[PDB]
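Chain IDs A, B, C and D follow the sequence of writing; residue 1 opens each chain.
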Amino acid sequence: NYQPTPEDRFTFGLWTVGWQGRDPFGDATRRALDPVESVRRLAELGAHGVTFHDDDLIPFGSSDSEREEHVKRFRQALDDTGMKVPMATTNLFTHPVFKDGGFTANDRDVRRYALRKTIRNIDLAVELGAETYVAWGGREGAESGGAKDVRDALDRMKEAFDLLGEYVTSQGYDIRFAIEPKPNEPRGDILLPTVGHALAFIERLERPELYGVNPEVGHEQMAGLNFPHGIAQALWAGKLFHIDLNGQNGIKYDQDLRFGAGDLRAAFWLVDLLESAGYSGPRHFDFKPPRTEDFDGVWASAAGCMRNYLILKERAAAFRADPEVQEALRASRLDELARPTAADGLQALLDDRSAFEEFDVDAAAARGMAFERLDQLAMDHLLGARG
Amino acid sequence: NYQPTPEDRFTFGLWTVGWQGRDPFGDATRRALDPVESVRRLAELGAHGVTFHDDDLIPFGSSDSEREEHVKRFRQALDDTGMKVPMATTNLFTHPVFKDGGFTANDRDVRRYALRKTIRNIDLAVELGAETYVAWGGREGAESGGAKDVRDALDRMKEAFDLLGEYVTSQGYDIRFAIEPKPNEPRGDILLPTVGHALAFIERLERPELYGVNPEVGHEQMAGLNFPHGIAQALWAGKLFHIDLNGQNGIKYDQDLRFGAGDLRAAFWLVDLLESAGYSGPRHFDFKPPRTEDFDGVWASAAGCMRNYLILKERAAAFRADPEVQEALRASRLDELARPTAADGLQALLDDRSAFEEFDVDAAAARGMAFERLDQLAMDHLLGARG
Amino acid sequence: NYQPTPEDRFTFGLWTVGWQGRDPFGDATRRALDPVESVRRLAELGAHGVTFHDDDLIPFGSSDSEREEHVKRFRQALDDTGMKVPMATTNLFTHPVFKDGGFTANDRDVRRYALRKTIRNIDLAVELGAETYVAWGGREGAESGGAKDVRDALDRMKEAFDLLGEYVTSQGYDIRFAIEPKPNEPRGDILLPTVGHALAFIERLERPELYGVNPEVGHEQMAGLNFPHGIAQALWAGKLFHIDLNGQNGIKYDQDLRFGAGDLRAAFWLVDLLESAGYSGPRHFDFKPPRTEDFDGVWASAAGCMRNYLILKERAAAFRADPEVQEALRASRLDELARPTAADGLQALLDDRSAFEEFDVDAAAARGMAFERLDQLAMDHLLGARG
Amino acid sequence: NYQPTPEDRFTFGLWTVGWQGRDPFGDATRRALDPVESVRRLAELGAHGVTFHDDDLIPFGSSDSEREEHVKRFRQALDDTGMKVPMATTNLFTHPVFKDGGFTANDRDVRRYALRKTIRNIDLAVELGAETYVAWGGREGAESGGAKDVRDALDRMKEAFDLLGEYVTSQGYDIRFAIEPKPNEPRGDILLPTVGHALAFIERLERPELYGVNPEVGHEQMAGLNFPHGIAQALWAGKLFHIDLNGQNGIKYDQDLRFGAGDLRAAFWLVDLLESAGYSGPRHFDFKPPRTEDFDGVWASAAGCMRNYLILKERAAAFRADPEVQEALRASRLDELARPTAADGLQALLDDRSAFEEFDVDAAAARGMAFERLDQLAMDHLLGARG
C-alpha cells in the first residue's frame, strides 16, 4: 500500500532525478536525462508535477528558435501525462558570471543581467501555469568580512525583489514569490540564512503580501535548528507558500537525501504539523539520488520520498486520533496552552491577587508536566507498536 | 594604554562577575558577591554601568521592607560611584515554577504569574533609569515534539509582549523592549532561536516600534551563523536596541567567554561594523569568568572584555583609514555594491539591451573580485603587521 | 509486550533517575532519592542492575562508620531485589577541588588526591561485584590554549592509568577499566574527546589489555560523528567493554535524553550492530529524565529506555532475517565486501592483468550500488510497514 | 618583511593553486594551469616544494609514452627552480569507478584496481624523491547504515595498507605512509573520521612504524574538535609525519581557506605547538583560492598562507620568551603539570597521609588557576599590543 496518486500533490524538480552525480571531488556517474523522459517516468510513479530552473529546460545560450522547440516538446510531455508545473525558479548560480552573486553581486552590470534573466523566466513560468516562483540566493554572500557590506547588499536584495514585484503587478500575473533560505554552501555564509531571517526581510519589501518562504528540511538542520518549529513560525505568519522536503544528517554539507532519511522523528513532527494545519501547497522533493546509484536507484529513491511521507501521515493521524493520546495531551496541559493568558485584560490581571500576592508558587512548581509519557506514546505510534 | 573610561559605555550584568561557578556537573567555586561590592569594583575598572535581573538584586521572596532596603543600599552605591543602570531584565528561569516556561508555560496560572513578576520589575527599572528592558525566553520551548504546540505558544508569546507594551504605554514610561535570542539550552530547542526569528516575530506585535533585539555573539554562533551578518540585518531593520558581547568556540554549550575570546576575526568584523554604523547603545558583556578563577581572575577577565574591544576598535579604524585599503575596496567594487541596480526603473531596465541581449557574459565572468588581497590587508591590520 | 526482564541486562546509574533537575540556569525540581528506593523501583521495572559514583552512595566527607552504614543498607537492598552492580566509577568533577581536573590538574597535590579517592572506590566496587570500572575525565581539559600543555597532560593521564593498573594487578582484582569519552562540557575542550582518541591513547598504556572504552551515544553525536561507525571500530579493536545508551539531538549541550529519543535511525543501526556482533555486556542508560517531570515521569522515562531498545531489537532482527533483504544485500555486494581483496598475495596481484592493464574501468563504473533500495527496505522494517 | 624562503619548508599541492573553481553548484571560473607554470610561479613566491596526485601530473588514461613525456617536463621544471617533491598521493576519488570507494569499495575488482593504481604511483613518488605518501580515503564510507558493514570495511582497509607496507618493504623504499582524516564529505560519513580514529587504526597494522597521520586544520574543525589538542596527541604518539594547513569557519562544508583564515586563535596555538615541539616536516597548504578570484588572486592567496604562518611564528616566539608570561605560567602551575604525579610509586602514594587522610581539600579548592590573566597576555602578544 502507501501508493501515491496525483491528489497527494507530490512534485519533483527536474534537477533532482536529473542530477548526474558530479560533486566537488568527482565526475558525473550518470548520463543526462531528457526533460521529457523525467516527466514520463515521474508520472508513472504517481507524482503530481515537476518544477524547473530556466537552464534545466532551455540550455544556456539557446537561440529563440531552439528555446521555442524545447518548450514545445516539454509541453507535449505535460499534455501526454497530465503533469502540472506548480513552481519554477531561475538559475543564478552555475554560470561563472554569478560567482559573487546575482541580485547582490558587487558588479552592477551583473545585477542588471540577473534581473533580466529572472524576468524572462517569470513569463515562461506563468505560460506553464506556475503559481509560485522561488528564489534561492545561493551565491549571495561572502567568504570574508570585507568583501560584502551586508547593509548595502540587503538594499540591493530589497531593490531586486521590489522590482520583480513591480513587474508581476504591472503584467497582472497571479504568481507569488518564495525565498528558499540556506545558511551556507556554496558561499561561506549566505545572506538570509534561515527561515527567520527571510521572514524578517519580507516585512521590509514594498508589497510584502506577494512574498513568502520555501523552507527546506535539510537547510534549517544545517544550522542545528528544529525544522517543525521553524515551519510553525512560518505558518503562524501566513507565509508558508511552498516547502522543500528531503533528509539531512546534522550539521555538515547539504546532503539532499530522500525524504524520511536523516532525522526521522523531525520528519514525523513535520508531517503531523503540515496535515493538522491543513497545508495545501505542493509537497516538493528537493533531493539528490546518491551518485552511487544507477537509473534504477534514481527511480527507487524518488518513489521512497513519496512512500515515507504517506507512512508518516498515517502514523501522525493515528497518534492524534488515539483517545489515550488525547487524554495525555490534557494531562500535559496542551489545552491550557491554547487558552488566552489574560483575556480579562491588563487591569484585571494587575488587580488579581491569585496571580501574584496569593499565588502558591511551590504547589505550581510541584506539578509534573508528564511530557515523557506523551513522547513515548508518540514513539510507539511512529514505530507501529501500539498493538 | 587601551584604558577604558565611562564614555566607552561598557556595562556588565551583576550575574556576570557575580557568577559563583556552579555548572551542571559541579558546585560553586566562589562565594556570593554583594551587589554593592560589584558596583564599586566595576567603577574602579572603568565601566559605565551595570545591569540586573530582579532576583540578582532582591532575593526571591523578600518582604516589601527588605526589598526597600536592598534597593536603597544599591542606589547609594550607584550615587557613590557615578554608575548607571541602562538595562534590566526579569528572572523567569531559575525557580522551579518556570520549568516549562514563563510567558509560554502550558499552565495558564504560571503565565499570569510571569507577567506580574515582570511588570513589578519594569517599575523598578524605570525608577533606576533603565532605557532598555530585556527578555530572554530561556525556558520557552521543548525537549519533545508533542509537548509544545508552537503556533499556540507564539500566540501566548505575542499576548505577553502586547500586554507589556500596553502597560508601559499606559504608565507613560520611556522604556523599550529587546528580545535576546538563543537557539537552545537549557531547553532542547528554544522559541525565537535566532536574531532573524526574533525580528520576524516583532513585526506581528501590536506596537512593533517598542521592540527590538539584544543579540548575543555566542548565541548566533551556537547555530553556526555569522554574527556580524546578523547584526547588519538588525541595523538595517532599525532594531539593534542593545548588544551582548562575549566569546564562543563554535557549536556547543553556551560558553560566555570574555569578549575577544572565541572567534577573534568575527569580533574584529563586529567592532568594525558597530563603529562604522555609529551604534550608540551600551557595550554590554554577558560573560562568565571561568570557574577555574578566584576573585583576582574575575576582575582580570572583566578588564579584558573592555581591553579587547578597544584594541579591536583601533585596528578596525586603521583598516578603514588606510588609503591602500580604500583602493582595494574599489578594486573589489564595494563602491558599486552601494549604487542602485536600477534607479532608471523597471521599463528602462527592460529596454536596455546592454543588460541582456548584448551583455558580454564571458567578459564579466573573467573579472577577478580581488577579495583575497583585501582580506589579507584586513589580516595584516588586525595583527599589527602593516609596519 | 516489549517487557524487559533481568536477562536483557538493562542497567541504570543511581545519578540518572536520581537527577534532581538542577541545570546551569535553575534549581532542583525534584527532591533527592534514597539509593535504596531507586534500587527497589528499578527492580520492579525490570532492570538487571545499578551503577554508582562513590559520592552517589556515600556522601562526600562521611566518616568511616557512616560509610559502613550506607554500604550496609545498599547491600540489603541489592539482596532483597536480586539487583547487581556491574560497573562503578569515581566522582572527580563535582567538588571545587577538581575545577582544573583530577588526573590532569595542574596542581600535583590534587592529582595525588584524585588517585587516592579513585583507589578507595575500586576496593568498594570489587566488594560489590563490579566487573568494569569507568573513568570519565569531565574536568580534564581547558577553556584556553596556554592553560594546559596537552603533551604533559597526556603524560599525567598515562601515569594515572598505569598506576591504577598496577594497583588492580597487585591486589589480584578481576576488574577492567573503560574510558567514557566526551568532546566538551563542562570544560571548553576535554582531553581524549572521542572513541578514536581514547582507543589510540590506550595502546600507549603499559598494560593495554586492561583498558577499553565506554562510548556514549550522545557524546559522539556532540561531535557530529556516526555512533554505530564508532562502535564498529571499537568492536573491531576488541575494546567495547561497556556502553552508555541515551539520545541526543545533534551538536549542542549534552542532553542525555532517554534511549530512542534523538537520532532514531542511528539507534536502530546501533541495536542491529550490538545484537549481530553478540555484544554481551550491560545495556546501561546514562540519561536524565527531563526536569519538567515529577517522580511518575522519572519512572516512565526510565521504562521507555528499555522499551525502545526491545522494539528496535525486534525490527533489526526482522530486517536481517527477511529473504528479500538478504538478496538486496547481495545486489549491493555486501558479500564481496567481506571477501579478502588479495588473499592470492602481493606478487599475484601485481602480475594480474585483469586488475589493471585489462580492467574495464567504464563497465565497473556503470554498475549501480543499489543502496537506496536497500535503505528503503530498512526504513520499511523500522516503521513496521512490510505488511 | 615576513618573506618566506625555501628553508621555511612551505609546500603546496598542484591541485591547490590549480583548482579551477568548480563547486557542486557551478562551473569552472579559471582555466587549467600547466603543472610546469605552477612550479615556476610557486618558486618565485618562496615555496620549498610541491605535492601531487598521480592524476594531477599524468592525465588519466595516458599511454606510457605520454606519461614519460609529462614526467620529463615536470622534472625539467623542478631542476630549473630547485623545487622539491616531499609528498605524493593517489587520486582514488574523481573517476566514477571509485563512487563506493577504493580500498573499501564493496566490489572486489575495484579494490584490486585501487591497489594497482596506488602502487604505480608509489614508484613514481620515490623516483621524484618523496618521503611521505599520503592516503585520503574520501570515498570510503556511506550515506546509509546497511550499505557498509564497518567491521568488514576496516578489515579491507587494514588489508590494503598491510599490502602497501609489504610492497615498500620488498622494494627497499625509504617512504612512509600518512593517513589524512576527514569526517564527512563527499560521503555522508567517512571511515577513520578524525586523527584519533586514524591513530587507533594504525596500531592494528602489521608494521605500525611505517604509518602516521597527515591531519588537516579544517577537517578536525568540521567535527568541532580542537586542532592543536589533536596535533599534541599525534606528537605525543610519535605519528605526526606531515601536516595540512588551511582555514575553516566551524562546522560546515570543507572550506579549504587560506591558512590563518578561519579560527585565528587556533592557528596561533598550532604554530606555537609546531615550533615548540620542533616539528621539522613540511608546512603544506591544502587550500583552495576562492572561485571569486582570477589568477592574480590565486597567487595572492597562496602568498598569504605563508605570510600568516610567519607572523604567527613571530608572535608565538615573543609570547614564550616574555618573562612576564614565564612567571604567569608558573602562577598557573604549568611547571607542576610537567612533574610526575607519583615518581615515589604506588605504595608510597598509598601510605602518604598528605594525599588523602590529611589533605586539606578546601584550601586546595580556594587557589585560583590564574588562567584568564595568562590568556589575555597571549591575546596581547597575538595582536601586537604589549607595546
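Criterion: a residue touches a chain if its C-beta (ideal position, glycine included) is under 8 Å from a C-beta of that chain, and two chains touch if they have at least 3 such contacts.
Peer 1: With residue numbers as the basis of comparison, which of the pairs B-C, A-B or A-C duplicates the interface of B-D in over half of its contact pairs?
Peer 2: A-C
Peer 1: Determine which of the two chain pairs, C-D or A-C, is joined by the larger number of C-beta pairs in contact.
Peer 2: C-D
Peer 1: Go ahead and note the Å separation of the Cα centroids belonging to chain C and chain D.
Peer 2: Taking the average C-alpha coordinate of chain C and of chain D, the gap between them is 30 Å.
Peer 1: Please compute the C-alpha centroid of chain A, do the same for chain C, then give the distance between them in whole Å.
Peer 2: Centre-to-centre distance between chain A and chain C: 37 Å.
Peer 1: Of all residues in chain C, which are in touch with two or more distinct other chains?
Peer 2: Within chain C, the residues that touch at least two other chains are 29, 95-96, 99-100, 143-144, 147, 183-184, 189, 222, 224, 251-252, 261, 265, 290, 292, 365, 367, 369, 371-372, 375.
Peer 1: Mind pulling up the chain C residues that touch chain A in the complex?
Peer 2: Touching chain A: residues 1-2, 29, 221, 224, 250-252, 258, 260-265, 289-290, 292-297, 300-301, 304, 307-308, 311, 315, 365-373, 375-376, 379-380, 382-385, 387 of chain C.
Peer 1: Within their complex, state which residues of chain C touch chain B.
Peer 2: 21-29, 93-96, 98-100, 138-139, 143-144, 147, 183-186, 188-189, 222, 249, 251-255, 257, 261, 290-292
Peer 1: Could you please specify the touching residues of chain A with respect to chain B in the complex?
Peer 2: That would be residues 95-97, 99-100, 103-104, 106-113, 115-117, 119-120, 142-156, 159-160, 163, 166-167, 170, 183-184, 189, 191-201, 203-204, 222-226, 228-230, 232-233, 235-237, 251, 265, 268-269, 272, 277, 329, 332-334, 336-342, 346, 349-350, 352, 354-356, 359, 361-362, 364-365, 367, 369, 371-372, 374-375, 378 of chain A.
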